[PDB]
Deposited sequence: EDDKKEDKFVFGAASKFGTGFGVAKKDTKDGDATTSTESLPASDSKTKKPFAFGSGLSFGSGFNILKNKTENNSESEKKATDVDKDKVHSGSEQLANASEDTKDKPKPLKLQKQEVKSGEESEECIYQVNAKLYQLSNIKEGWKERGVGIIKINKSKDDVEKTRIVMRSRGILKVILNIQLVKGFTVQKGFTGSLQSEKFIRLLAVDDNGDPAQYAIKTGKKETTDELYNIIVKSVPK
């Protein structure tokens, strides 16, 4: 460690290979094109470009930016989100009965662009333009 007042402690004061054979020295002279399935035999109702955060205890961490999707399963509803570019799944949630989705986030100026949420492995925060954050809310709310 370094200590603020202290002078730097800089200049203070106060038989290899023998038994062995070499030893001697010079004397020894597919990927193939596939199809992946989205895993979607559902229909995409609403989609918007979004930013996602997660909190598991301090504090909120970024998680991904991408298209969040609400999918209707040609019957059940779920939320599907993917990271832009690399396109990994960063959010995948069945819309079950007794589901809590709150508008707003206060500790952020843009908080009217925000929405919060609770899910199986902690909580998530989505961000969207205000008009689209309400759309996402009502479309989510409508379900189950």
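- According to the record, no C-alpha positions are given for deposited positions 1-7, 22-51, 67-110, 139-140, 159-161, 208-212, 220, 237-238, numbered from 1.
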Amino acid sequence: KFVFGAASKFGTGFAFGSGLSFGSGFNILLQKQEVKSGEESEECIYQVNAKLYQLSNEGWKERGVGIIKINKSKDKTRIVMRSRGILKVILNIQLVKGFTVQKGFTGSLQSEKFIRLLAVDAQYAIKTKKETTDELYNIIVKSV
From here on, numbers count along this sequence of modelled residues.
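- Higher mean CA temperature factor between 60-68 and 110-118: 110-118, per the PDB entry.
- In this entry, 132-140 shows the higher mean Cα temperature factor of the pair 15-23 and 132-140.
- For the set 95, 29, 86, 90, the PDB entry puts the maximum C-alpha B factor at 95.
- In the deposited entry, the Cα temperature factor of residue 50 places it in the lowest third of its chain's modelled residues.
- Ranked within its chain, residue 80 lands in the lowest third, by CA B factor from the PDB record.
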